[PDB]
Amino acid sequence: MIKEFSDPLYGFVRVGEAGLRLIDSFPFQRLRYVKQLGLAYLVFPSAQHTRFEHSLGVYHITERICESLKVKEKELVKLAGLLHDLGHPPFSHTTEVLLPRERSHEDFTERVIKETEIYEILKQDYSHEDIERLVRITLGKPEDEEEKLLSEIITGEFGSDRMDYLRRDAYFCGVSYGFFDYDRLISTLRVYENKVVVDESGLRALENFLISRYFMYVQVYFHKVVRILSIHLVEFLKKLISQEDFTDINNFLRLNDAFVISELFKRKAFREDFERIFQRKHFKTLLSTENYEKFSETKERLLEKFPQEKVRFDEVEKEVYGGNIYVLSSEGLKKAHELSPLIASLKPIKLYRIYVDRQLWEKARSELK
């Protein structure tokens, strides 16, 4: 009826019968073989956590938020959270790689829910219409204001998805700045005018959350080496799937880290990809800057001199505060930046990197600056 799972992020996650049935299905079990952070373990060696544990964590936090917000459709929203990652391919930024292969561009999460045993499991407790609702909610495609609130609980600025992965990524990578008082923040959330908002008692908790998110992006998600390994990985994965066909969902489901890593370790047609990823031959950071003009002028000089195939450019950006968070004050709604100098200080992260083939690095360095 209820089973407990140890999770070092929370203590224990209690899961009821519907979640357990889903957990034991083949598509959910597959997530144990998909690292949350892809190749990041090559930089942060303890980053071994998988999408399976993250999905359990999302279910847990979704439950907590639904409890705090007194949401009526609690069980349906918890399952939406649990199943949020079913269609995630192995690695980072590789949904954009898979989608253009299949003719429909149908989201893989929607497909795994509707085309596998997951669909049958859900029907035990829900109508097909409620299942369509859970698909909209989990994919962030609400059709009305009711679904919008429920979807925000998982995918919003305070969503259970983000709350779990920020803390889980911090815990495994070893980044103490990524922790925030999730418990206190959840307790200060309110529904107001069909929005999830923060009570003014939660203003420090909100600051801490936004700042923790800043640290995770600068330290881990935008780490210069994590990014170039991902660049090499995606170029490889583009080749591997180039003639693969996803009309059969089982060709998606057979995609896990090990499958891709094995093709890389064994086929000699991919030796170059293999070296760039696994033998420390990734292109080397020539420039990392917050100054777009400096980046652009260096990029231009390099491309005048070096062939394009020997360089890579990466422009990364993330709003730390997107201007759309309300704080419920004594005098009604206000925007968080009106009340917080810290939130008021927050600007988008903008980082520009140039990487070069290890053979040309010295030449590119001296003949360019």
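Don't overthink the numbering: it's just position in the shown sequence, from 1.
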query	finding
298 to 306 versus 47 to 55 - greater average Cα B-factor per the deposited record	298 to 306
Stretch with the higher entry mean CA B-factor, where the candidates are 174 to 182 and 240 to 248	240 to 248
Out of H88, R136, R168, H93, highest CA B-factor residue	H93
Identity of residue with top Cα B-factor, from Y41, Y33, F313, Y326	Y326
Cα B factor band for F283 (lowest, middle or highest third within the chain)	middle
Relative C-alpha B-factor of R267, binned into the chain's lowest, middle or highest third	highest
For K141, the third of its chain into which the C-alpha B factor falls	middle
Third of the chain, ranked by Cα B-factor, where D7 sits	lowest
Ranked C-alpha temperature factor of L37 among modelled chain residues, by third	lowest
